[PDB]
>>> print(open('structure00.cif').read())   # mmCIF, C-alpha atoms; chains and numbers go by the auth columns
data_my_file
#
loop_
_atom_site.group_PDB
_atom_site.id
_atom_site.type_symbol
_atom_site.label_atom_id
_atom_site.label_comp_id
_atom_site.label_asym_id
_atom_site.label_seq_id
_atom_site.Cartn_x
_atom_site.Cartn_y
_atom_site.Cartn_z
_atom_site.B_iso_or_equiv
_atom_site.auth_seq_id
_atom_site.auth_asym_id
ATOM 1 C CA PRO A 1 0.000 0.000 0.000 0.00 4 W
ATOM 2 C CA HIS A 2 2.548 2.576 -1.316 0.00 5 W
ATOM 3 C CA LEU A 3 2.292 4.962 -4.276 0.00 6 W
ATOM 4 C CA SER A 4 4.465 4.360 -7.379 0.00 7 W
ATOM 5 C CA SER A 5 5.230 7.233 -9.815 0.00 8 W
ATOM 6 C CA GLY A 6 2.033 8.864 -11.139 0.00 9 W
ATOM 7 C CA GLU A 7 -0.167 7.582 -8.273 0.00 10 W
ATOM 8 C CA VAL A 8 -2.329 9.547 -5.904 0.00 11 W
ATOM 9 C CA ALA A 9 -3.215 9.495 -2.190 0.00 12 W
ATOM 10 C CA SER A 10 -5.755 11.689 -0.351 0.00 13 W
ATOM 11 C CA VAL A 11 -4.379 13.684 2.661 0.00 14 W
ATOM 12 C CA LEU A 12 -7.764 15.335 3.406 0.00 15 W
ATOM 13 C CA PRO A 13 -8.438 15.786 7.128 0.00 16 W
ATOM 14 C CA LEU A 14 -9.550 12.502 8.790 0.00 17 W
ATOM 15 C CA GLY A 15 -11.990 14.201 11.192 0.00 18 W
ATOM 16 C CA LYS A 16 -14.078 11.559 13.000 0.00 19 W
ATOM 17 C CA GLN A 17 -11.955 8.745 11.436 0.00 20 W
ATOM 18 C CA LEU A 18 -8.700 10.139 12.955 0.00 21 W
ATOM 19 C CA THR A 19 -8.980 7.899 16.018 0.00 22 W
ATOM 20 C CA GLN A 20 -9.271 4.716 13.870 0.00 23 W
ATOM 21 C CA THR A 21 -6.427 5.620 11.438 0.00 24 W
ATOM 22 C CA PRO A 22 -2.827 4.624 12.098 0.00 25 W
ATOM 23 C CA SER A 23 0.130 6.608 10.821 0.00 26 W
ATOM 24 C CA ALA A 24 1.235 5.335 7.384 0.00 27 W
ATOM 25 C CA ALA A 25 3.837 5.923 4.683 0.00 28 W
ATOM 26 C CA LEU A 26 2.399 7.275 1.354 0.00 29 W
ATOM 27 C CA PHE A 27 5.669 6.141 -0.237 0.00 30 W
ATOM 28 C CA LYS A 28 9.328 5.603 0.475 0.00 31 W
ATOM 29 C CA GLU A 29 11.927 5.769 -2.258 0.00 32 W
ATOM 30 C CA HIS A 30 15.680 6.233 -2.368 0.00 33 W
ATOM 31 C CA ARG A 31 15.644 10.067 -2.114 0.00 34 W
ATOM 32 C CA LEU A 32 12.306 10.764 -0.445 0.00 35 W
ATOM 33 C CA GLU A 33 9.765 9.482 2.056 0.00 36 W
ATOM 34 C CA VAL A 34 6.267 10.877 2.510 0.00 37 W
ATOM 35 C CA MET A 35 4.162 9.804 5.506 0.00 38 W
ATOM 36 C CA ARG A 36 0.972 10.746 7.223 0.00 39 W
ATOM 37 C CA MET A 37 1.568 10.817 10.973 0.00 40 W
ATOM 38 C CA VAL A 38 -1.621 10.508 13.045 0.00 41 W
ATOM 39 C CA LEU A 39 -1.103 11.748 16.611 0.00 42 W
ATOM 40 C CA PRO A 40 -3.747 11.533 19.306 0.00 43 W
ATOM 41 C CA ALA A 41 -4.081 14.600 21.577 0.00 44 W
ATOM 42 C CA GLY A 42 -1.146 14.748 24.052 0.00 45 W
ATOM 43 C CA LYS A 43 1.187 12.439 22.110 0.00 46 W
ATOM 44 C CA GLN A 44 4.820 13.572 22.364 0.00 47 W
ATOM 45 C CA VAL A 45 7.915 12.775 20.210 0.00 48 W
ATOM 46 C CA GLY A 46 11.259 13.646 21.834 0.00 49 W
ATOM 47 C CA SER A 47 13.951 15.879 20.391 0.00 50 W
ATOM 48 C CA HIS A 48 15.440 14.333 17.262 0.00 51 W
ATOM 49 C CA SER A 49 16.574 15.107 13.727 0.00 52 W
ATOM 50 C CA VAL A 50 17.002 13.618 10.256 0.00 53 W
ATOM 51 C CA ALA A 51 19.996 14.046 7.951 0.00 54 W
ATOM 52 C CA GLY A 52 18.055 15.641 5.087 0.00 55 W
ATOM 53 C CA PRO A 53 15.742 18.610 4.952 0.00 56 W
ATOM 54 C CA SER A 54 12.066 18.047 5.660 0.00 57 W
ATOM 55 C CA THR A 55 8.617 19.596 5.795 0.00 58 W
ATOM 56 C CA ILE A 56 5.795 19.062 8.265 0.00 59 W
ATOM 57 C CA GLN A 57 2.286 20.087 7.181 0.00 60 W
ATOM 58 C CA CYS A 58 -0.473 20.259 9.782 0.00 61 W
ATOM 59 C CA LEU A 59 -3.501 18.749 7.957 0.00 62 W
ATOM 60 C CA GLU A 60 -5.911 19.218 10.868 0.00 63 W
ATOM 61 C CA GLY A 61 -5.940 19.919 14.608 0.00 64 W
ATOM 62 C CA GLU A 62 -3.128 21.672 16.470 0.00 65 W
ATOM 63 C CA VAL A 63 0.463 20.556 17.117 0.00 66 W
ATOM 64 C CA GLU A 64 3.396 22.267 18.821 0.00 67 W
ATOM 65 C CA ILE A 65 6.773 21.661 17.146 0.00 68 W
ATOM 66 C CA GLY A 66 9.758 22.801 19.233 0.00 69 W
ATOM 67 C CA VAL A 67 12.720 23.998 17.121 0.00 70 W
ATOM 68 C CA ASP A 68 16.048 25.766 17.884 0.00 71 W
ATOM 69 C CA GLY A 69 14.958 29.058 19.506 0.00 72 W
ATOM 70 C CA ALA A 70 11.143 28.612 19.250 0.00 73 W
ATOM 71 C CA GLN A 71 7.979 26.638 19.934 0.00 74 W
ATOM 72 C CA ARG A 72 5.865 26.734 16.760 0.00 75 W
ATOM 73 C CA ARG A 73 2.158 26.194 17.237 0.00 76 W
ATOM 74 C CA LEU A 74 0.923 24.816 13.936 0.00 77 W
ATOM 75 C CA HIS A 75 -2.732 24.952 12.934 0.00 78 W
ATOM 76 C CA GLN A 76 -4.487 23.551 9.867 0.00 79 W
ATOM 77 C CA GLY A 77 -2.627 24.456 6.667 0.00 80 W
ATOM 78 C CA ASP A 78 0.654 25.391 8.363 0.00 81 W
ATOM 79 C CA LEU A 79 3.785 24.126 6.649 0.00 82 W
ATOM 80 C CA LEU A 80 6.992 24.044 8.704 0.00 83 W
ATOM 81 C CA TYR A 81 10.427 23.838 7.042 0.00 84 W
ATOM 82 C CA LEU A 82 13.207 21.958 8.870 0.00 85 W
ATOM 83 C CA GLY A 83 16.721 22.206 7.488 0.00 86 W
ATOM 84 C CA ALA A 84 18.975 19.130 7.364 0.00 87 W
ATOM 85 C CA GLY A 85 19.751 18.005 10.897 0.00 88 W
ATOM 86 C CA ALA A 86 17.409 20.579 12.541 0.00 89 W
ATOM 87 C CA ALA A 87 16.427 19.179 15.913 0.00 90 W
ATOM 88 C CA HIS A 88 12.758 19.203 16.740 0.00 91 W
ATOM 89 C CA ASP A 89 10.176 17.743 19.110 0.00 92 W
ATOM 90 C CA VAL A 90 6.429 17.218 18.634 0.00 93 W
ATOM 91 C CA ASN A 91 3.507 17.755 21.083 0.00 94 W
ATOM 92 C CA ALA A 92 -0.013 17.058 19.766 0.00 95 W
ATOM 93 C CA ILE A 93 -2.341 19.660 21.374 0.00 96 W
ATOM 94 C CA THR A 94 -5.465 18.044 19.849 0.00 97 W
ATOM 95 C CA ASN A 95 -5.918 14.934 17.741 0.00 98 W
ATOM 96 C CA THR A 96 -3.898 15.862 14.649 0.00 99 W
ATOM 97 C CA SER A 97 -2.613 14.463 11.376 0.00 100 W
ATOM 98 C CA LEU A 98 0.595 15.650 9.739 0.00 101 W
ATOM 99 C CA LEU A 99 2.001 15.223 6.229 0.00 102 W
ATOM 100 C CA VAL A 100 5.735 14.740 6.744 0.00 103 W
ATOM 101 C CA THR A 101 8.032 14.881 3.692 0.00 104 W
ATOM 102 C CA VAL A 102 11.681 13.856 4.288 0.00 105 W
ATOM 103 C CA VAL A 103 14.485 14.217 1.771 0.00 106 W
ATOM 104 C CA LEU A 104 16.913 11.284 2.155 0.00 107 W
ATOM 105 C CA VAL A 105 20.621 11.839 1.557 0.00 108 W
ATOM 106 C CA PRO B 1 10.780 36.377 2.361 0.00 4 D
ATOM 107 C CA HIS B 2 11.474 32.631 1.928 0.00 5 D
ATOM 108 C CA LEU B 3 11.295 30.322 4.952 0.00 6 D
ATOM 109 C CA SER B 4 14.472 29.528 6.867 0.00 7 D
ATOM 110 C CA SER B 5 14.708 26.436 9.101 0.00 8 D
ATOM 111 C CA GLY B 6 11.993 26.332 11.770 0.00 9 D
ATOM 112 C CA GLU B 7 9.717 28.835 9.949 0.00 10 D
ATOM 113 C CA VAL B 8 6.139 28.391 8.871 0.00 11 D
ATOM 114 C CA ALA B 9 4.004 29.322 5.834 0.00 12 D
ATOM 115 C CA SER B 10 0.235 28.834 5.525 0.00 13 D
ATOM 116 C CA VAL B 11 -0.852 26.671 2.561 0.00 14 D
ATOM 117 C CA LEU B 12 -4.543 27.049 3.341 0.00 15 D
ATOM 118 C CA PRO B 13 -6.826 27.525 0.341 0.00 16 D
ATOM 119 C CA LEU B 14 -6.604 31.072 -1.039 0.00 17 D
ATOM 120 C CA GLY B 15 -10.320 31.077 -1.940 0.00 18 D
ATOM 121 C CA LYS B 16 -11.457 34.511 -3.203 0.00 19 D
ATOM 122 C CA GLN B 17 -7.863 35.849 -3.025 0.00 20 D
ATOM 123 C CA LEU B 18 -6.648 33.085 -5.455 0.00 21 D
ATOM 124 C CA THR B 19 -6.722 35.112 -8.736 0.00 22 D
ATOM 125 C CA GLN B 20 -4.900 38.012 -6.977 0.00 23 D
ATOM 126 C CA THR B 21 -2.059 35.731 -5.668 0.00 24 D
ATOM 127 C CA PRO B 22 0.972 34.914 -7.787 0.00 25 D
ATOM 128 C CA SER B 23 2.817 31.623 -7.660 0.00 26 D
ATOM 129 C CA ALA B 24 5.717 31.846 -5.184 0.00 27 D
ATOM 130 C CA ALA B 25 8.500 29.776 -3.654 0.00 28 D
ATOM 131 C CA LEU B 26 7.991 29.039 0.030 0.00 29 D
ATOM 132 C CA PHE B 27 11.714 28.118 0.126 0.00 30 D
ATOM 133 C CA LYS B 28 14.593 27.114 -2.054 0.00 31 D
ATOM 134 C CA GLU B 29 17.582 25.330 -0.537 0.00 32 D
ATOM 135 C CA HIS B 30 20.427 23.137 -1.794 0.00 33 D
ATOM 136 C CA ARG B 31 18.476 19.795 -1.757 0.00 34 D
ATOM 137 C CA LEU B 32 14.810 20.934 -1.818 0.00 35 D
ATOM 138 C CA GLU B 33 12.449 23.505 -3.292 0.00 36 D
ATOM 139 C CA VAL B 34 8.806 24.034 -2.092 0.00 37 D
ATOM 140 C CA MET B 35 6.533 26.332 -4.092 0.00 38 D
ATOM 141 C CA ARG B 36 2.840 27.244 -4.258 0.00 39 D
ATOM 142 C CA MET B 37 1.713 27.293 -7.887 0.00 40 D
ATOM 143 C CA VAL B 38 -1.480 29.350 -8.434 0.00 41 D
ATOM 144 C CA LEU B 39 -3.220 28.437 -11.672 0.00 42 D
ATOM 145 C CA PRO B 40 -6.273 30.322 -12.932 0.00 43 D
ATOM 146 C CA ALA B 41 -8.948 28.062 -14.468 0.00 44 D
ATOM 147 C CA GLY B 42 -7.758 26.642 -17.834 0.00 45 D
ATOM 148 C CA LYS B 43 -4.034 27.373 -17.353 0.00 46 D
ATOM 149 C CA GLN B 44 -1.716 24.772 -18.855 0.00 47 D
ATOM 150 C CA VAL B 45 1.896 23.704 -18.243 0.00 48 D
ATOM 151 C CA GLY B 46 3.291 21.524 -21.042 0.00 49 D
ATOM 152 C CA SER B 47 4.939 18.093 -20.739 0.00 50 D
ATOM 153 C CA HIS B 48 8.211 18.340 -18.809 0.00 51 D
ATOM 154 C CA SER B 49 10.279 16.621 -16.141 0.00 52 D
ATOM 155 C CA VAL B 50 12.717 17.378 -13.354 0.00 53 D
ATOM 156 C CA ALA B 51 15.743 15.283 -12.333 0.00 54 D
ATOM 157 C CA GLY B 52 14.592 14.597 -8.784 0.00 55 D
ATOM 158 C CA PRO B 53 11.431 13.087 -7.415 0.00 56 D
ATOM 159 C CA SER B 54 8.540 15.412 -6.537 0.00 57 D
ATOM 160 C CA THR B 55 5.111 15.731 -5.063 0.00 58 D
ATOM 161 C CA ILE B 56 2.148 17.779 -6.174 0.00 59 D
ATOM 162 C CA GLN B 57 -0.632 18.419 -3.644 0.00 60 D
ATOM 163 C CA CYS B 58 -3.898 19.985 -4.753 0.00 61 D
ATOM 164 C CA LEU B 59 -4.732 22.610 -2.050 0.00 62 D
ATOM 165 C CA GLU B 60 -8.054 23.707 -3.581 0.00 63 D
ATOM 166 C CA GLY B 61 -9.965 23.425 -6.835 0.00 64 D
ATOM 167 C CA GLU B 62 -9.343 20.820 -9.499 0.00 65 D
ATOM 168 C CA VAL B 63 -6.347 20.102 -11.732 0.00 66 D
ATOM 169 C CA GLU B 64 -5.642 17.404 -14.288 0.00 67 D
ATOM 170 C CA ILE B 65 -2.057 16.137 -14.253 0.00 68 D
ATOM 171 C CA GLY B 66 -1.060 14.005 -17.238 0.00 69 D
ATOM 172 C CA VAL B 67 1.488 11.255 -16.445 0.00 70 D
ATOM 173 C CA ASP B 68 2.960 8.290 -18.379 0.00 71 D
ATOM 174 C CA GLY B 69 -0.054 6.022 -18.890 0.00 72 D
ATOM 175 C CA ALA B 70 -2.731 8.181 -17.176 0.00 73 D
ATOM 176 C CA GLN B 71 -4.519 11.528 -16.739 0.00 74 D
ATOM 177 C CA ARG B 72 -4.960 12.086 -12.998 0.00 75 D
ATOM 178 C CA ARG B 73 -7.801 14.362 -11.937 0.00 76 D
ATOM 179 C CA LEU B 74 -6.785 15.754 -8.544 0.00 77 D
ATOM 180 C CA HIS B 75 -9.253 17.287 -6.095 0.00 78 D
ATOM 181 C CA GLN B 76 -8.493 19.138 -2.833 0.00 79 D
ATOM 182 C CA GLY B 77 -6.307 16.998 -0.585 0.00 80 D
ATOM 183 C CA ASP B 78 -4.967 14.793 -3.407 0.00 81 D
ATOM 184 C CA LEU B 79 -1.241 14.180 -3.308 0.00 82 D
ATOM 185 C CA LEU B 80 0.519 12.967 -6.480 0.00 83 D
ATOM 186 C CA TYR B 81 3.952 11.304 -6.342 0.00 84 D
ATOM 187 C CA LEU B 82 6.226 11.812 -9.362 0.00 85 D
ATOM 188 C CA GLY B 83 9.360 9.722 -9.718 0.00 86 D
ATOM 189 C CA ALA B 84 12.667 11.280 -10.748 0.00 87 D
ATOM 190 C CA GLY B 85 12.447 12.267 -14.413 0.00 88 D
ATOM 191 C CA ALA B 86 8.676 11.396 -14.622 0.00 89 D
ATOM 192 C CA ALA B 87 7.192 13.382 -17.523 0.00 90 D
ATOM 193 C CA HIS B 88 4.056 15.305 -16.682 0.00 91 D
ATOM 194 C CA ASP B 89 1.717 18.105 -17.797 0.00 92 D
ATOM 195 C CA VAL B 90 -0.756 20.294 -15.815 0.00 93 D
ATOM 196 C CA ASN B 91 -4.252 21.552 -16.797 0.00 94 D
ATOM 197 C CA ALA B 92 -6.141 23.694 -14.269 0.00 95 D
ATOM 198 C CA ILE B 93 -9.836 22.616 -14.400 0.00 96 D
ATOM 199 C CA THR B 94 -10.920 25.311 -11.917 0.00 97 D
ATOM 200 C CA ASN B 95 -8.928 28.064 -10.258 0.00 98 D
ATOM 201 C CA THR B 96 -6.482 26.023 -8.167 0.00 99 D
ATOM 202 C CA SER B 97 -3.370 26.201 -6.041 0.00 100 D
ATOM 203 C CA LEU B 98 -0.819 23.430 -5.754 0.00 101 D
ATOM 204 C CA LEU B 99 1.918 22.739 -3.216 0.00 102 D
ATOM 205 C CA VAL B 100 4.869 21.476 -5.250 0.00 103 D
ATOM 206 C CA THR B 101 7.864 19.925 -3.403 0.00 104 D
ATOM 207 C CA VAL B 102 10.912 19.054 -5.527 0.00 105 D
ATOM 208 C CA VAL B 103 13.969 17.095 -4.484 0.00 106 D
ATOM 209 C CA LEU B 104 17.044 18.757 -6.066 0.00 107 D
ATOM 210 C CA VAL B 105 19.891 16.485 -7.281 0.00 108 D
#
>>> encode(input="structure00.cif", output="C-alpha cells")
Amino acid sequence: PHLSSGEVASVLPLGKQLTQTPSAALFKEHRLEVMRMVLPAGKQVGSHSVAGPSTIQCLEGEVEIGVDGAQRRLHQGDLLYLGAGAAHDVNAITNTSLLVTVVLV
Amino acid sequence: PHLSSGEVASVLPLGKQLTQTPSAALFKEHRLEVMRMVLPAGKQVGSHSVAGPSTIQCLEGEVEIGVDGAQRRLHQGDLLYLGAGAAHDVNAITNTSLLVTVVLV
C-alpha cells in the first residue's frame, strides 16, 4: 500500500476517522519518504533530527513543534520547514494528522 | 521572504484571493524547493520533467495532471507522487493552487 510514480493518495483531514487511522507511509523511495503521521491529543515525540531537509504540514488539529529558539504552534494548513539536521520535538495539542516529507541523503 | 529552518508558511486555500495571488516559492535550498503554484482556471503547463522526485498536492480546486499512462484528476487533498524524471503536464480545471515539493539532485 505505497504509491508508485504517477499515483495519488488523499491527505484530506480525517476528522471523526482520525482515532481509527494509524500513521502510514504514502511512499518511500531512495531520495524521499512521505508519511501521514496521526497523533492523538497529548502524544509527544522527543527531540530528534534527520539528515536531510524536511517539511511538516499540519492537515488538521493543532500541534506544537519545538525547534532551535522557538515553539511553533501549527494549525491547519501550516507548513513548517526543517533544514537538514534541525532538531525538533512534537507535542499534539489536539488529535492531529501531519504530512511529513523527508528528503533522504 | 522565503522560509528559513523552523519557519512556517500557511498553505490554506486562497479562496477569493486566489486570482490576486501569484505563484511563489515558500523556500529554495540546496536539496529541496517548495513552491505554491497558483493556476487560474484553464491554465496549462506543457509536458516536462525534473531530475529529482517530486510531489504535487492539490490545495483547492481541481487540476488534471497528465502522467505516463494516465490523466490524474486531482481534487483538494490529493497528493501525487512523481518519480525522478517522470514526464508530466498540468491543466487547471478550476482556479487552483498546488503545493509542489521538488527534491534537487
>>> interface_residues(input="structure00.cif", of="chain W", to="chain D", cutoff="7 Å", atoms="all atoms listed in the file", output="JSON, numbers by chain")
{"W": [6, 8, 9, 10, 11, 12, 13, 14, 15, 70, 80, 81, 82, 83, 84, 85, 86, 106]}
>>> resolve_selection(input="structure00.cif", expression="the PyMOL selection byres ((chain W and resi 48) around 6)", output="PyMOL selection string")
chain W and resi 47+49+92-93
>>> write_last_selection(input="structure00.cif", atoms="C-alpha atoms", output="compact mmCIF listing (two decimals), in the coordinates of the input")
# COMPACT_ATOMS: atom_id res chain seq x y z
CA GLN W 47 4.82 13.57 22.36
CA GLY W 49 11.26 13.65 21.83
CA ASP W 92 10.18 17.74 19.11
CA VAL W 93 6.43 17.22 18.63
>>> residues_around(input="structure00.cif", residues="residue 97 of chain W", least_positions_apart="2", cutoff="6 Å", atoms="all atoms listed in the file", output="list in words")
residues 44, 64, 65, 95 and 99 of chain W
>>> write_last_selection(input="structure00.cif", atoms="C-alpha atoms", output="short mmCIF file (atom, residue, chain, number, x, y, z; two decimals), in the frame of the given file")
data_model
loop_
_atom_site.label_atom_id
_atom_site.label_comp_id
_atom_site.auth_asym_id
_atom_site.auth_seq_id
_atom_site.Cartn_x
_atom_site.Cartn_y
_atom_site.Cartn_z
CA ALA W 44 -4.08 14.60 21.58
CA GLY W 64 -5.94 19.92 14.61
CA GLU W 65 -3.13 21.67 16.47
CA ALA W 95 -0.01 17.06 19.77
CA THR W 99 -3.90 15.86 14.65
#
>>> atom_distance(input="structure00.cif", atom1="atom CA of residue 38 of chain W", atom2="atom CA of residue 27 of chain D")
24.5 Å
>>> resolve_selection(input="structure00.cif", expression="the PyMOL selection byres ((chain D and resi 23) around 12)", output="VMD selection string")
chain D and resid 17 to 22 24 to 26 41 to 43 98 100
>>> atom_distance(input="structure00.cif", atom1="atom CA of residue 94 of chain W", atom2="atom CA of residue 103 of chain D")
26.6 Å
>>> build_atoms(input="structure00.cif", residues="segment 89-101 of chain D", atoms="N, CA and C atoms", output="PDB file, in the frame of the given file")
ATOM      1  N   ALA D  89      10.034  11.769 -14.169  1.00  0.00           N
ATOM      2  CA  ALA D  89       8.676  11.396 -14.622  1.00  0.00           C
ATOM      3  C   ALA D  89       8.047  12.554 -15.376  1.00  0.00           C
ATOM      4  N   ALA D  90       7.769  12.342 -16.669  1.00  0.00           N
ATOM      5  CA  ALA D  90       7.192  13.382 -17.523  1.00  0.00           C
ATOM      6  C   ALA D  90       5.756  13.645 -17.089  1.00  0.00           C
ATOM      7  N   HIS D  91       5.405  14.921 -17.044  1.00  0.00           N
ATOM      8  CA  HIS D  91       4.056  15.305 -16.682  1.00  0.00           C
ATOM      9  C   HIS D  91       3.657  16.660 -17.196  1.00  0.00           C
ATOM     10  N   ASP D  92       2.336  16.826 -17.388  1.00  0.00           N
ATOM     11  CA  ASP D  92       1.717  18.105 -17.797  1.00  0.00           C
ATOM     12  C   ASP D  92       0.600  18.484 -16.805  1.00  0.00           C
ATOM     13  N   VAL D  93       0.212  19.758 -16.795  1.00  0.00           N
ATOM     14  CA  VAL D  93      -0.756  20.294 -15.815  1.00  0.00           C
ATOM     15  C   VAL D  93      -1.813  21.104 -16.549  1.00  0.00           C
ATOM     16  N   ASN D  94      -3.087  20.859 -16.222  1.00  0.00           N
ATOM     17  CA  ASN D  94      -4.252  21.552 -16.797  1.00  0.00           C
ATOM     18  C   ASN D  94      -5.199  21.921 -15.660  1.00  0.00           C
ATOM     19  N   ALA D  95      -5.252  23.206 -15.318  1.00  0.00           N
ATOM     20  CA  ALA D  95      -6.141  23.694 -14.269  1.00  0.00           C
ATOM     21  C   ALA D  95      -7.599  23.585 -14.749  1.00  0.00           C
ATOM     22  N   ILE D  96      -8.416  22.792 -14.047  1.00  0.00           N
ATOM     23  CA  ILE D  96      -9.836  22.616 -14.400  1.00  0.00           C
ATOM     24  C   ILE D  96     -10.628  23.815 -13.857  1.00  0.00           C
ATOM     25  N   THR D  97     -10.385  24.118 -12.588  1.00  0.00           N
ATOM     26  CA  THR D  97     -10.920  25.311 -11.917  1.00  0.00           C
ATOM     27  C   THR D  97      -9.713  26.140 -11.521  1.00  0.00           C
ATOM     28  N   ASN D  98      -9.985  27.300 -10.923  1.00  0.00           N
ATOM     29  CA  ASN D  98      -8.928  28.064 -10.258  1.00  0.00           C
ATOM     30  C   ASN D  98      -8.398  27.108  -9.183  1.00  0.00           C
ATOM     31  N   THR D  99      -7.077  27.006  -9.061  1.00  0.00           N
ATOM     32  CA  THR D  99      -6.482  26.023  -8.167  1.00  0.00           C
ATOM     33  C   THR D  99      -5.132  26.482  -7.689  1.00  0.00           C
ATOM     34  N   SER D 100      -4.723  25.970  -6.521  1.00  0.00           N
ATOM     35  CA  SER D 100      -3.370  26.201  -6.041  1.00  0.00           C
ATOM     36  C   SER D 100      -2.809  24.841  -5.652  1.00  0.00           C
ATOM     37  N   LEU D 101      -1.511  24.669  -5.908  1.00  0.00           N
ATOM     38  CA  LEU D 101      -0.819  23.430  -5.754  1.00  0.00           C
ATOM     39  C   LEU D 101       0.407  23.642  -4.908  1.00  0.00           C
TER      40      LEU D 101
END
